[PDB]
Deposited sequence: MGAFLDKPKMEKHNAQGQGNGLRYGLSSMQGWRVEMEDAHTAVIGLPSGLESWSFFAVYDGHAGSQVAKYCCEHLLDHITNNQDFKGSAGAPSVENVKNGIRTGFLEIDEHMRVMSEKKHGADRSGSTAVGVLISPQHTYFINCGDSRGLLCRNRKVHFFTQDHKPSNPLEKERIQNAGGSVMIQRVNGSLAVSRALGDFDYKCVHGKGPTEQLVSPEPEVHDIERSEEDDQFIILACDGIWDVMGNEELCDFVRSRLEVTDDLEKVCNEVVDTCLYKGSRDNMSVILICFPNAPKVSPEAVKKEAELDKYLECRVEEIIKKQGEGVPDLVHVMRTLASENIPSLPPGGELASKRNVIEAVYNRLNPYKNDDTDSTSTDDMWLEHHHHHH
């Protein structure tokens, strides 16, 4: 219904280390009147999965109720059901894969009875994307238009495929549940074809839970882990992916990692870069790095210090009229400056340019 007059750019961070992993996250409200994103980051899991980890981004719609309940409870719905536990020993590929499906369906029904019982007024829904990381497998999980990727060996090794209504199997399901896809939207309103919650979209008679207008069924992919080649995993809501592609962001994160090992800082840079590339949505990013994540380079740090200083001089020189920040950005862009961060471009450097603009024209 509304945007803010000015963006809420305050970042919320977390970070941790364990099972050979390091992780950082950053969430920001941005231009939207509410923050309806949520996340989960836990290293070491209950009930004998000490050496497992779990990370997840939740993009909530029509309120944050569903997103928040998921962020605190999706994991135990996933690991504490007979499908995940099942077979006598350690959980197999199938156990894990079926366990997540059950987890997804059962928490959905759980939330439906809770809402029915307590007479809930919110009509919210949420995407989930994440990884369950075991000693030898990364299991990617997706439900909605949030997205995850694996950077392996300097390249995009795998990414999750967003559930858009106009996708062929999604459209088919929607049509069979008596709906249509109008442009990109389920009956002209809903932009996503899979989510937790959205219970009004889940009331077709004589169609299973996975056969409704909006499905809670996750897509799960088993990637075998690689001690030598596994570099980092990026999970983010569409607030990020709307304005940056797989290759770009993966190239950009690499560039940043070659400058800091501070993961919260890298995530802040993803989020600011995205706000400046024009994103007007809530943004949340998680960055999980593996032992062979890119390393800090003495040279890349110098190049960044050089580039920073260069951008400071241009600003000072561009001010002879006294142009506003917007106009300085325009001018700087039309200079076609070399060596800007890959993917990030000029946008990834606005905090540096702006801080300087302020040093010189503070009023």
query: Where the deposited sequence has no C-alpha coordinates (positions from 1, in order); finding: 1, 322-325, 369-390
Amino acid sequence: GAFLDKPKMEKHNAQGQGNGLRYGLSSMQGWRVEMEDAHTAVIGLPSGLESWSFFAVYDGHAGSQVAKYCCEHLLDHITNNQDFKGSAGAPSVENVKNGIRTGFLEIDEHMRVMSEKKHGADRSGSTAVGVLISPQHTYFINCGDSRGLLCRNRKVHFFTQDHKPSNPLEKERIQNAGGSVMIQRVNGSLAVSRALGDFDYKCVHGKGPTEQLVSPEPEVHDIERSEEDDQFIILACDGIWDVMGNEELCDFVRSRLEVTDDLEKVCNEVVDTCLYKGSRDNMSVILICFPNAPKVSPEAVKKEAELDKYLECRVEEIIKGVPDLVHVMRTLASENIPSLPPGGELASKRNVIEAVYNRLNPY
From here on, numbers count along this sequence of modelled residues.
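Each form is matched to the other, and the largest set of C-alpha atoms that superpose within 1.5 Å is called the rigid core.
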| property | result |
| --- | --- |
| Greatest C-alpha divergence in 6 other deposited structures of this protein once each structure is fitted on the rigid core, 178-186 or 83-91 | 83-91 |
| Higher-B stretch (mean Cα B-factor, as the entry records it), 348-356 or 6-14 | 6-14 |
| Residue stretch of maximal mean CA temperature factor, 197-205 vs 289-297 | 197-205 |
| Deposited CA B-factor, highest of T138, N268, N142, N81 | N81 |
| Residue with maximal Cα B-factor (values as given in the PDB entry) among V328, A305, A62, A56 | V328 |
| Chain-relative CA temperature factor third for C250 | lowest |
| Among modelled residues of the same chain, the CA temperature factor third for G188 | highest |
| Within-chain third of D108 by Cα B-factor, per the entry | middle |
| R152 by Cα B-factor - lowest, middle or highest third of the modelled chain | middle |
| For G89, the third of its chain into which the C-alpha B factor falls | highest |
